[PDB]
Amino acid sequence: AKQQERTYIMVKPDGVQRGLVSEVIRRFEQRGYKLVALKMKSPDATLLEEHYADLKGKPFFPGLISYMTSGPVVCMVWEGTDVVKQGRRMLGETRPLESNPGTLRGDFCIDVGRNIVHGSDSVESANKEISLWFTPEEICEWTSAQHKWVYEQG
Amino acid sequence: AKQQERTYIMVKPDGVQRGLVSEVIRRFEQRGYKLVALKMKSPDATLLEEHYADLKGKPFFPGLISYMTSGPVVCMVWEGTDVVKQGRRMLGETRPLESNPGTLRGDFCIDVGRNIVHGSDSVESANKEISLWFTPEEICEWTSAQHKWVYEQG
Amino acid sequence: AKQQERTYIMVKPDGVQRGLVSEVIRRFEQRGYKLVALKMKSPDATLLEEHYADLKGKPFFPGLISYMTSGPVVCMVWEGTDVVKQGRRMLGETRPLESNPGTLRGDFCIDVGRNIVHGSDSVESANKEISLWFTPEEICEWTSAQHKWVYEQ
Amino acid sequence: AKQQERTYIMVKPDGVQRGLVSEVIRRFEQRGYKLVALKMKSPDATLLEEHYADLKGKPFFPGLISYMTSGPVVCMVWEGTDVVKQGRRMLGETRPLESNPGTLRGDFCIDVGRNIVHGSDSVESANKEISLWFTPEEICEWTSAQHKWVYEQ
Amino acid sequence: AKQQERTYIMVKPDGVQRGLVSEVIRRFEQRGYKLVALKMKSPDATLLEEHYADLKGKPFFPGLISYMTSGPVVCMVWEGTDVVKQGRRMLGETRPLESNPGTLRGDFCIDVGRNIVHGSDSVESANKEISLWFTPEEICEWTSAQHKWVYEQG
Amino acid sequence: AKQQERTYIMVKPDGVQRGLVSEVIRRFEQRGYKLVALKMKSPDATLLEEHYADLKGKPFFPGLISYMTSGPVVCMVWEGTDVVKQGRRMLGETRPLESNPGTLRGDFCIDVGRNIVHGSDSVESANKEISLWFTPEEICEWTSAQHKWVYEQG
């Protein structure tokens with residue numbers, strides 16, 4: 001079902017350090033998207049290496065892993081129709097320098113290696129990333145009071 | 001004259017229900033556009049049938065009318081140069097999933113059937129829409145104190 | 001009974017002029033109060049003179065009436081528990097210079113004669129102000145979707 | 001020793017339902033308090049019955065537990081000087097009708113039974129709430145880059 | 001003349017460093033107070049020592065001076081009725097731990113030594129501080145288009 | 001170096017009059033760009049004519065000069081990677097009617113002549129403008145505590 005589509009959003013160490021946690025949550029919360037999982041974590045290197053498994057072997061991999069463990073991150077799971085595509089459109093382009101005002105990276109970032117937040121690039125990655133960072137017990141399913149005002153009835 | 005242009009903006013039932021009336025108003029108010037008519041109303045079906053007259057005969061028509069009578073609406077008239085087109089642009093695309101961050105629909109909506117606000121799509125239709133939801137007596141003309149700083153006549 | 005309580009809130013001409021209509025509405029709308037009536041209006045002198053009846057004859061009365069008709073106002077009826085008192089508290093003190101930061105007048109005003117907004121001072125005067133500024137047909141009754149989350153039963 | 005003080009802040013089910021999670025976090029985040037633990041949870045009746053242990057036997061107790069399990073909550077631990085007392089001051093008074101504008105409850109709540117958020121009332125009370133809601137492994141130790149500018153020195 | 005009362009407001013080094021410049025300005029700009037002088041500066045010890053002349057005898061004074069030269073400050077002169085006392089009110093109490101929510105210090109500070117901003121305590125201090133930090137040529141006198149809406153003409 | 005890049009940003013008289021000074025500063029400040037020079041000034045014709053030299057000879061030139069001496073301006077220098085380009089993008093298109101929501105002009109403006117703000121269009125003109133409006137003694141050198149979180153290690 002469309003409305004049960006989920007995406008993994010993660011505030012990176014720079015996002016936490018710069019006090020942007022609330023702001024990242026705000027963009028999703030005000031949109032009518034539903035937060036079904038959340039936690040602050042000081043991830044281990046091994047958990048991040050699997051997350052960035054696609055980048056293993058590249059010259060910047062070590063630097064990326066150490067940087068991503070230089071501070072704690074905030075893991076989130078958002079649910080709602082097309083939340084994967086809308087999610088990353090709300091974050092902006094990968095590069096803050098190509099991101100427009102109104103987006104998170106366009107509003108708050110400059111360097112690509114300090115882009116404060118991560119969003120799953122597809123439904124496939126989202127389902128994978130959700131299972132990597134969270135256990136099914138951490139997913140809190142609920143119904144919004146505003147559901148019928150956010151979504152069109154069948 | 002350019003500056004006398006007017007458009008009809010209406011916060012739909014979902015916008016009122018989700019506590020978005022002030023935000024819709026903020027977008028136009030901070031832009032320098034001038035509010036000249038405003039009211040909350042729970043319109044009759046007869047009035048809504050005339051508003052969506054061109055949609056009469058469609059299979060979703062009866063349901064639309066029931067949805068637009070399921071909660072009150074806030075009716076508005078804003079005046080200023082190119083307000084019709086700028087208003088639409090500020091609302092976003094008709095579909096929230098194609099609307100950009102920074103727009104009302106891009107920031108707060110997901111489903112097209114719950115896109116929170118309506119804006120006249122053209123000057124011709126604006127004049128029609130205004131004459132329909134408001135009497136001439138409800139229009140309140142005034143001159144903004146910021147007029148010479150928002151507009152440049154020499 | 002308690003939730004049914006209503007108050008009359010009005011953005012004065014200086015409030016409309018200074019672009020503060022959305023900020024006044026927000027204070028109430030984000031608090032969980034329910035907007036049941038709303039309209040922009042250019043009230044005539046007679047209406048305003050009835051509203052400020054007790055002040056007729058004061059040296060500043062004519063000037064007061066001129067000011068209240070120098071631009072449009074935004075009329076509102078908000079509904080909810082203790083909305084009269086909480087409304088007044090949100091607007092701040094009548095004198096902006098005695099209003100705390102966080103209140104509308106504390107955040108946006110200086111002169112008492114330019115205090116952007118009015119709120120009924122009691123349930124009795126709210127009932128009076130509401131029937132003066134609005135007709136019963138302009139009051140739209142509905143049920144907020146967040147009602148069970150704003151109020152305990 | 002003073003800067004290590006911690007408090008437990010919890011967004012209740014009405015807070016999440018009304019979209020106020022980010023706003024609660026903001027008040028603490030912008031103040032300079034360090035977020036050291038955070039999670040969304042759907043606690044079971046046993047955990048809540050322990051949290052509200054003093055209220056057992058009250059006629060409203062069963063209803064209170066069902067309400068507190070009617071939707072998920074967001075649990076938090078903030079760290080910083082005098083954070084327990086300031087945290088309470090930022091939330092407002094337990095009763096929203098006694099909370100001033102600028103505080104969380106004063107800005108967003110009306111009923112004491114739907115007062116959107118909870119804060120530990122004392123150091124000793126926080127330490128107990130923290131260990132009850134969080135394992136020590138969920139507490140993340142870190143140094144803020146703005147430390148020398150928030151604290152002296 | 002009460003409307004022409006001026007006060008000296010300065011964003012301290014922690015304020016600049018924590019990105020709170022726009023927020024301190026917003027509090028006054030928003031209130032209807034008029035910005036008549038503004039500048040970023042890295043004052044030398046002699047100027048600061050004179051600015052804090054009353055605290056000259058205290059044991060912490062030298063440490064206060066070196067802290068005030070550890071980063072730049074944003075100097076401001078605001079104008080309006082009772083601006084000195086209201087300015088102070090808006091900043092909060094000297095001590096952030098005694099400042100209420102809604103005030104600058106109550107919203108953003110914790111330590112009294114990192115209370116992000118300074119405001120003149122009286123008209124006499126204001127006048128002394130203005131002429132110390134600014135020259136009359138830097139004081140830009142102007143009339144606000146909103147004057148007749150912020151103030152009663154009487 | 002990329003990060004050392006600077007651009008001149010100026011709040012025009014309409015921006016000051018409309019109380020948008022804090023908003024213009026916020027866009028850059030929250031982005032992570034660094035404020036290194038700031039001042040309110042009532043520039044004389046000679047300076048304004050030098051700033052707008054490219055437009056000398058145009059029929060509207062005198063009127064432009066009159067308008068720019070109509071009220072005070074706020075002069076700023078912002079430092080950071082690609083700040084000239086990103087600054088312009090954050091301001092919006094020259095014409096407010098062609099500016100997107102989320103940009104300064106798209107959010108607050110209507111007329112091209114009342115577009116509240118100016119930003120240098122290139123590095124070359126940025127260097128010229130900064131020297132014109134500010135002396136080197138007015139530029140404040142400092143290091144931001146969020147630097148390692150705004151910019152990549154190296």
# chains A, B, ... in the order shown; residues from 1 in each chain; ligands from 1
$ residues_around --residues "residue F:39" --least-positions-apart "5" --cutoff "10 Å" --atoms "only C-alpha atoms" --output "PyMOL selection string"
(chain E and resi 37-41+74-76+138) or (chain F and resi 10+73-77+133-134+138)
$ interface_residues --of "chain F" --to "chain A" --cutoff "12 Å" --atoms "only C-alpha atoms" --output "ChimeraX atom specification"
/F:2-3,26-34,79-92,99-107,144-154
$ select_by_dssp --residues "chain A" --states "strand (DSSP E)" --output "list in words"
residues 6, 7, 8, 9, 10, 11, 34, 35, 36, 37, 38, 39, 40, 41, 73, 74, 75, 76, 77, 78, 79, 117, 118 and 119 of chain A
$ closest_atom_pairs --of "chain D" --to "chain E" --cutoff "6 Å" --atoms "only C-alpha atoms" --output "tab-separated table"
residue	atom	partner	partner_atom	distance
D:30	CA	E:108	CA	5.6
D:31	CA	E:108	CA	3.9
D:90	CA	E:101	CA	5.9
D:102	CA	E:102	CA	4.6
D:103	CA	E:101	CA	5.7
D:149	CA	E:14	CA	4.8
D:150	CA	E:114	CA	5.9
D:151	CA	E:111	CA	5.7
$ interface_residues --of "chain D" --to "chain C" --cutoff "9 Å" --atoms "only C-alpha atoms" --output "number ranges by chain"
D: 13-15, 17-18, 97-98, 100-103, 105-116
$ write_last_selection --atoms "N, CA and C atoms" --output "compact mmCIF listing (two decimals), in the first residue's frame"
# COMPACT_ATOMS: atom_id res chain seq x y z
N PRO D 13 1.75 11.05 24.21
CA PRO D 13 1.07 10.70 22.96
C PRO D 13 0.32 11.82 22.26
N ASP D 14 -0.18 12.80 23.01
CA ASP D 14 -0.87 13.92 22.40
C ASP D 14 0.14 14.82 21.69
N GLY D 15 1.35 14.89 22.23
CA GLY D 15 2.41 15.70 21.64
C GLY D 15 2.81 15.21 20.27
N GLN D 17 0.97 13.10 18.28
CA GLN D 17 -0.22 13.23 17.44
C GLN D 17 -0.44 14.64 16.90
N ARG D 18 -0.11 15.65 17.70
CA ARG D 18 -0.29 17.05 17.28
C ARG D 18 0.92 17.65 16.56
N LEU D 97 -3.11 25.94 31.84
CA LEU D 97 -3.83 27.19 32.09
C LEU D 97 -3.10 28.09 33.08
N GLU D 98 -2.00 27.60 33.64
CA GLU D 98 -1.18 28.38 34.55
C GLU D 98 0.21 28.61 33.94
N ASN D 100 2.73 30.37 31.25
CA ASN D 100 2.84 31.65 30.55
C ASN D 100 3.22 31.51 29.08
N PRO D 101 2.88 32.52 28.26
CA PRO D 101 3.29 32.51 26.87
C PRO D 101 4.80 32.45 26.79
N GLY D 102 5.32 31.69 25.83
CA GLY D 102 6.76 31.51 25.69
C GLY D 102 7.19 30.14 26.17
N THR D 103 6.40 29.54 27.06
CA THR D 103 6.69 28.19 27.52
C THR D 103 5.98 27.26 26.55
N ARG D 105 3.94 24.47 27.12
CA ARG D 105 2.53 24.25 27.42
C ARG D 105 1.73 25.53 27.27
N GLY D 106 2.32 26.66 27.65
CA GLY D 106 1.65 27.94 27.52
C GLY D 106 1.35 28.31 26.08
N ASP D 107 2.21 27.87 25.16
CA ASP D 107 2.04 28.14 23.74
C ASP D 107 1.16 27.12 23.00
N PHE D 108 1.18 25.87 23.45
CA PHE D 108 0.51 24.78 22.73
C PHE D 108 -0.54 23.93 23.43
N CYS D 109 -0.75 24.08 24.73
CA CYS D 109 -1.71 23.23 25.47
C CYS D 109 -2.81 23.96 26.20
N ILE D 110 -3.86 23.21 26.54
CA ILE D 110 -5.01 23.73 27.28
C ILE D 110 -5.38 22.88 28.52
N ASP D 111 -5.49 21.56 28.35
CA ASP D 111 -5.84 20.62 29.44
C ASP D 111 -4.63 20.01 30.12
N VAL D 112 -4.70 19.90 31.44
CA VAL D 112 -3.64 19.29 32.21
C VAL D 112 -3.52 17.80 31.83
N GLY D 113 -4.64 17.19 31.44
CA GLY D 113 -4.67 15.78 31.01
C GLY D 113 -4.18 15.55 29.59
N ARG D 114 -3.86 16.64 28.89
CA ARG D 114 -3.29 16.60 27.54
C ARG D 114 -2.26 17.72 27.50
N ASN D 115 -1.29 17.64 28.40
CA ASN D 115 -0.27 18.66 28.51
C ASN D 115 1.03 18.32 27.75
N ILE D 116 0.85 17.54 26.67
CA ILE D 116 1.88 17.15 25.69
C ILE D 116 3.28 16.71 26.08
$ closest_residue --among "A:35, A:52, A:68, A:61" --to "residue D:72" --atoms "only C-alpha atoms"
A:35
$ atom_distance --atom1 "atom CA of residue A:136" --atom2 "atom CA of residue D:78"
26.4 Å
$ atom_distance --atom1 "atom CA of residue D:87" --atom2 "atom CA of residue D:119"
6.7 Å
$ residues_around --residues "residue C:65" --least-positions-apart "6" --cutoff "9 Å" --atoms "only C-alpha atoms" --output "PyMOL selection string"
chain C and resi 45+48-49+52
$ write_last_selection --atoms "N, CA, C and O atoms" --output "PDB file, in the first residue's frame"
ATOM      1  N   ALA C  45     -18.575  54.085  12.276  1.00  0.00           N
ATOM      2  CA  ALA C  45     -18.412  54.789  13.526  1.00  0.00           C
ATOM      3  C   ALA C  45     -19.448  54.375  14.572  1.00  0.00           C
ATOM      4  O   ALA C  45     -19.106  54.183  15.747  1.00  0.00           O
ATOM      5  N   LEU C  48     -18.534  51.089  16.322  1.00  0.00           N
ATOM      6  CA  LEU C  48     -17.420  51.309  17.236  1.00  0.00           C
ATOM      7  C   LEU C  48     -17.797  52.155  18.437  1.00  0.00           C
ATOM      8  O   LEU C  48     -17.301  51.922  19.520  1.00  0.00           O
ATOM      9  N   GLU C  49     -18.668  53.138  18.249  1.00  0.00           N
ATOM     10  CA  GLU C  49     -19.111  53.971  19.363  1.00  0.00           C
ATOM     11  C   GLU C  49     -19.953  53.157  20.354  1.00  0.00           C
ATOM     12  O   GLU C  49     -19.935  53.426  21.551  1.00  0.00           O
ATOM     13  N   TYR C  52     -17.329  51.074  22.311  1.00  0.00           N
ATOM     14  CA  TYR C  52     -16.624  51.861  23.324  1.00  0.00           C
ATOM     15  C   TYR C  52     -17.568  52.844  24.048  1.00  0.00           C
ATOM     16  O   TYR C  52     -17.133  53.913  24.539  1.00  0.00           O
TER      17      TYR C  52
END
